[PDB]
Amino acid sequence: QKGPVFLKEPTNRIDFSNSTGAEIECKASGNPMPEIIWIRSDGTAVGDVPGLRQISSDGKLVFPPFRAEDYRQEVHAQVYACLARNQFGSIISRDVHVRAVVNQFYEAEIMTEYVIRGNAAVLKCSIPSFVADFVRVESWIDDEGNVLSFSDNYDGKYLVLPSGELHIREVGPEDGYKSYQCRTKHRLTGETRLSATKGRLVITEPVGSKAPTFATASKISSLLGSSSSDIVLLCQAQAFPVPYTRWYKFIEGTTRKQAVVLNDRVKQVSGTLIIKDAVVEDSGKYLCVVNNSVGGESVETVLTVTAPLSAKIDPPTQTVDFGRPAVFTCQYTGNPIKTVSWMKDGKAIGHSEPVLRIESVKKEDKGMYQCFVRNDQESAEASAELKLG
C-alpha cells in the first residue's frame, strides 16, 4: 500500500556519560510494517558489542554504562542511522551522533581584570576547550557567599550574561575589594565545581584623559548563536571619561548601516548588546562604536544565527508512466544549509541540487527517494515514493 516513513527519528546528538549510558529509538510506519535496522553512516549493519552496544527486542539501540577502560571509538564516538524498509523500498534517518563522555581533568580560571572607575567590568570564567561542550557556568559567588545567577532582570549592578560572563556596572573603588568565583556544571554528570582561584578586579584611577581602548586589538570577529537563545555581543572597551556606546547593524553586503533598535527584546547593558529570543533575521554584521571626549573606536562582529534543519519533498508520492519524467523538489528550512544530497533506497545519488529529475522512468526507478540537508551541527531528511503507471 505505501512505502515507509519515519515517525520518530533519533536526534542528531546523543551525548552521555559513561556512568549513565543512553538509549535511542527509531519508529517507522508503512504497509507492510517496515523493518527497523541500525546502521553506521556508511550503510553497514550494526550489531551487539558485549557490554557496550545492544539492539533490543523492540528495536532500541542501547549503550549501557561502562568503565572508562572499555571506551571504544567505533562504538562511543560514532555516527549511526536508522534504516527502515519494506518491499517498496528503504529510507535512512538523519545522522545520529553518539558521543559517550568519560571524566576529565579541568580547572576553570579567571583572569584578573583592570577596569577604569565608572566603566563596566566583564569577568570571564575560562573553561578549557576540551570540556567546554559539557561544562558551563552555573552561577557566580562573591567572597561573602552572595550568589549571582542568570536572570531576566538586566537593570541591576550585577548581571550574569547569558554567555556566562559576570557583568558589573559602573565600577567603583569598593569593587576591587570584592572577589568572585565561578561555579561550573557538567551537563552530563550534574557535577558542580567552584573555581579554585578568586577572580579579581583592579580599579584604576587615571589622571589623563584616555581615548576608548578595547581589551584586544582585533577589529573583527565572528559569532555563532542559535535561534531562540539570548545572544550576547560583547564590546569590551574602556575610557576616561567614561565612554558612550552605540550599536549598528550593516545592511547585508553594504557599507551602510542602521542604529540598532532597543526594546523589550533587544537590550543594551552598558556596552553589551543582548539579542533575546534570537531569530535568523538577527544575523548580520554589527558595529560597536565607542566614543568619549578624546576620541572613538569601532569594532565589527559577524553574527550567524542558526535555525534547526528540516526538509520535505514535493510531492510525497507520484505515479509516473514509463518514458515520462519523475521530479522531486527538496523544500527545506533552517540555517545554514551547507549541503543538499539525494538518496534512492538507501544509496547515494550523485546530485547536490534541490530538484532531483529522473528523465525517463523505468521499472527499476520505482522505490523510495530522499533528500538530506546538512550543516556543521545538524542533518535532516525527507522521503518520497515513486510508483509506476
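Quick note: we count residues from 1 along the sequence shown, nothing fancier.
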Mean Cα B-factor check, 145-153 vs 250-258, entry values; winner is 250-258
Per the PDB entry, mean CA B-factor is higher for 120-128 or 237-245, namely for 237-245
Highest CA B factor of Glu353, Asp42, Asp70, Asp48, as deposited, is found at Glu353
When the entry's CA B-factors for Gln370, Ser19, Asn12, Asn375 are compared, the highest one belongs to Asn375
By the entry's values, the third containing the CA B factor of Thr329 is the middle
Chain-relative C-alpha B factor for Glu25 (record values, thirds): the highest
Tertile call for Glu109 (CA temperature factor, within chain, third-based) is the lowest
Here the Cα B-factor of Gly164, set against its chain, lands in the third termed lowest
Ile55: C-alpha B-factor third of its chain, per the entry, is the middle
